[PDB]
């Protein structure tokens, strides 16, 4: 059923390629082929072959396109069945699975990936027949978004390697200073990075009362949370909390990053995974630049490492109280939509309450803490964990939650209806109609069911802010090109741009606008914007 023709593929053919590794920016293009009609074309020289394609359409289009950009080609990504499958069911996140479920086998031969892409696209496109809302998301958001992501990936972001190189030697000494103490207090050395070894030390050798257990193996958890509950029980606990901090940071960022610099660009090249989340958010892989530190002083010193190119400036844009604004529009709650019409800030209001200080006294590090409290509580946190969390009585934590939802009467109502129809329909969806199947909404085990429910009503809110960000990226990108500006990073509701100093102002102004007016809601969408030579100074 499949014939073979000489390389030169007819326009609009489905590409198939094989990389030496999963990272497009570092991969060697080992094989390139294409499938169209009922024939398949294998390119004798892939790199040379790339020059002929006009569009990379097929399985993992964005990745091949990223490699193209890296090589000097402007080959934009087109149709990609993965995107179609991701829209039908966000649990379709890998080609292997998409293939086994929709019509084939993900192999290692380019010709086969080409044939596979064609038929997968044929089958998946049919399944979308009549899914107007999903087709809208595909052609108006995803497909075009993939191209934006390609440019972002190949563009990359600059890092101060010398800065981290030296920061490492410094932290190396503090870590040593902390472990050396931990051992003194324990009366003997042991692998502090070993959770099992530390467990025995705290709970058996010393007599510290265990607080909780681990999920799959029932060990006495040694969590930061457990450790904070014991901070005053013994001097060793605080030291271990600082060791945990430094080592987490040093081995996850300070050391790995400097070695991820690409030779040809001198920049860090993250990957932006478009079909990896159940709610519609993107994920940042290999270099994951979506979880760069920002909470602690050492975290900030690390964020300061992300810098603009000489003669440029980074522009950081971030939606204010994003998911709360989305919630007001989804729930349609009176008091909540008014909160925003009145210019209030829930995070600041909660922070004022938490630290018993006047609103105008809340610093950013207090407001942050407030955020995990508001979203934690909104999405289901228990009084128990709340009380433990804020270190307050169980009652006052129970009161905080009582008023919180009582203040926004429509929220709980919306949640219920979201859950009701999630039960009957078997899935919940976003404003734009992004679907997430939550079968466990009818599990007979309370534990499982309620866990399903929390996953279910969070999806429309989280997923709607995602559609929103993606849409804004699709609208903003072209404007930046014509303006000679770059879109470097996306952090769920934030965007990091790099604009020429002469234009930094004008770019910030334009982006903030595109973002706030992306899709008008029952509430305005505010965007805090910052400009500076490093990511930290921007935000």
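Residue numbers count along the first chain shown, from 1.
- Across the two stretches, 162 to 170 and 274 to 282, the PDB entry reports the greater mean Cα temperature factor for 162 to 170.
- Here 140 to 148 and 227 to 235 are compared by their mean Cα B-factor, and 227 to 235 comes out higher.
- In this entry, the residue among 302, 82, 322, 337 with the greatest C-alpha B factor is 337.
- Ranking 454, 101, 436, 344 by Cα temperature factor from the entry places 344 first.
- Among the modelled residues of its chain, residue 530 has a C-alpha B-factor that falls in the lowest third, as given in the PDB entry.
- When the CA B factors of the chain's modelled residues are split into thirds, the value for residue 210 lands in the highest one.
- Remark: residue 74 belongs to the highest third of its chain, ranked by C-alpha B-factor as recorded.
- In this PDB entry, the Cα temperature factor of residue 13 sits in the top third of its chain's modelled residues, the highest group.
- Sorting the modelled residues of the chain by their CA temperature factor places residue 405 in the highest third.
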